[PDB]
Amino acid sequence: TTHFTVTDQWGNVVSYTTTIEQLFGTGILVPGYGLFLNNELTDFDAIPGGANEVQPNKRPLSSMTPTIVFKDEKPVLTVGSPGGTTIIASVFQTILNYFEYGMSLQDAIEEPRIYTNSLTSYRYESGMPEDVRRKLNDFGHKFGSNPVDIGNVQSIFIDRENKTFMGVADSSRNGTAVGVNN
């Protein structure tokens, strides 16, 4: 999955998450045509009967979370990330860090993230202190002892006080932010 975002001189704001499911999807490349085919349908539940069971013509449940934050009716911040079920964690933690902690946009993005969807499934990024991790485990959590990168947030802040934009790309890939001055 990948997330990107664009703002222009007319006030349009784009926040776009896009995917083929796993890296390279199925791995199948269309013979003669060069494009990888998604494995998206494995986002459906394998045991049927539930909200996200397989049906013909149905769309498998996503966790993609392209977002635009507004203040007084106008966009101020775009957020989104790859990562499957972890996307919810990346996006909410970015928003918490920027608005509740008052971090810079880049610090909000680079702050180590955690994710846990169950009592037996945990992930954390490097920079989570080791002692604190172990103390959380003593308390009942199940963090492993190796970090993993979580998500890949690209974001634009729309600075209406100064009539400018600020873009940030996450360190977890080689993404970049590029401004435009006409």
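All residue numbers are counted from 1 along the displayed sequence.
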Looking only at C-alpha temperature factors in the entry, 68-76 or 99-107, the higher average sits in 68-76
The stretch carrying the higher mean Cα B factor in the deposited entry, 26-34 or 57-65, is 26-34
On the chain's distribution of Cα B-factors, residue 19 falls within the third called lowest
Residue 2: CA B-factor among chain residues, third -> lowest
Among the modelled residues of its chain, the C-alpha B-factor of residue 41 falls in the third labelled middle
For residue 126, the third of its chain by CA B-factor is the highest
Residue 152: CA temperature factor from the record, placed by chain third, in the lowest
